[PDB]
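Quick heads-up: it's one chain on its own, the form deposited in one PDB entry, in C-alpha cells.
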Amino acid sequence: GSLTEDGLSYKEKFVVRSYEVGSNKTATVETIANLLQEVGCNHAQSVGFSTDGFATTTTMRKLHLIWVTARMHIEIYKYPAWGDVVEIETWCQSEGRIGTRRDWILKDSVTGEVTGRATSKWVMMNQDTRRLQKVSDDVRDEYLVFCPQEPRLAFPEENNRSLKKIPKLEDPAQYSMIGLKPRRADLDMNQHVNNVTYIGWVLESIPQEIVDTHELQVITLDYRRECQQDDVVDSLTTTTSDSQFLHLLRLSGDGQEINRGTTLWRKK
C-alpha cells in the first residue's frame, strides 16, 4: 500500500482469501468492509497518525476526542472472486463543523474497472462521556493538510442513495434473528465491537432464500449506539418493495435502538 503522488489519497491491493468467500466463491460484504477498515488504517498511519486511536489528531488526544462512524454506505457491482486482486483507493474530506467523510473506490486490478464504491460519515465524540461535538478550527487545521481541498465524492450524483433519511421499522417485523451476541473475535484492539459485526447482525435477519437467489448491491447503515461486550441484540427486517429491505438492530431486552439501515438486492 502507498499514498498517491499528491499525498492526498491512499491505494492498496488485496488478494481475496479462501476463508473470506461465501457460497458463490466471491468475497462477502463483511470481507469487503474489513478491507475498507484496513486501507483506512494504513492511510492514517502513512500520514503520521500514531496507532492509539483512528486518525486522532494531537489536539483530539489531549481533549480525549475520537472519530466515531455515524453512517456507512457501500455499493458493490462485482464481488471479487477467491484468488483475485482488488485495488482500493481511499481519501478523507472535511465537512465543515459537522465532521469528516471517508470515501473508497474498489477496482479489479486486472481490468481497471470500478467494481464497488463506499462513503462514510464520521463525527467527533468525547471518549469518556460519549458526547458528540462540532469540529473546531484547531482540529480542522491539523487534518485539512491531508485532504483534497476541492470536493472529491465517491457518490457524486445528486439525490443519491448515500444521503437518504432512514425510517424506524415498526413492530411487527416481517423477519427476525433474536439473541445475537458478540464473541471475542468480534472485538477490536480497544475491546469495542468491530463496526463490521453490526453489518453481519443486520444481514442475519434476511431470509436464506433471498441470500441464495440474490446478490447484495447496496447497504446503508446508521450507527446510533454501541453494543457492549455483554449486550444481546435482536435483528429485524421488513421488505419495503429487485428486493429492498428496512432493518433495525435493538437491545434484546429494553428494545433500545443501536442501528437502522436499508439493503437493496439484485436477482442473480
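Numbers for residues come from their place in the sequence shown, where the first is 1. Basically, rigid core = biggest C-alpha set you can superpose within 1.5 Å across the two forms. Residues that one form lacks are left out of the comparison.
If you look for the form deposited with a small molecule bound, you will not find it shown, but the lines that follow are about it.
Asker: Can you work out whether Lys62 and the small molecule are in contact in the deposited bound form, taking contact to mean some heavy atom pair no more than 4.5 Å apart?
Answerer: No, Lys62 is distant from the partner.
Asker: Since only the chain is shown here, I'm wondering whether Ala70 would be in contact with the small molecule in the deposited bound form (any heavy atom pair within 4.5 Å).
Answerer: Answer yes; at least one heavy atom of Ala70 falls within 4.5 Å of the small molecule in the deposited bound form.
Asker: Is the gap between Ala55 and the small molecule in the deposited bound form 4.5 Å or less for some heavy atom pair?
Answerer: Heavy-atom contact with the small molecule at 4.5 Å: present for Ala55.
Asker: Hey, in the deposited bound form, is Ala44 touching the small molecule, heavy atoms inside 4.5 Å?
Answerer: Residue-level check for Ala44: yes, a contact with the small molecule.
Asker: If the criterion is a non-hydrogen atom within 4.5 angstroms, does every one of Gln174, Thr240 and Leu251 touch the small molecule in the deposited bound form?
Answerer: Negative, none of the three is within 4.5 Å.
Asker: How about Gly200 - superposed on the rigid core, does its CA move between the shown form and the other one by 2 Å or more?
Answerer: Comparing the forms between the shown form and the other one, which are aligned on their rigid core, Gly200 does not shift its C-alpha by 2 Å or more.
Asker: Taking the rigid core as reference, does the Cα of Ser50 move 2 Å or more between the shown form and the other one?
Answerer: The answer is yes, as the C-alpha of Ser50 shifts between the shown form and the other one by 2 Å or more after core alignment.
Asker: Residues present in both forms, rigid core superposed: which consecutive runs of three or more show CA displacements of 2 Å or more between the shown form and the other one?
Answerer: Only one moving run appears between the shown form and the other one, namely 50-54.
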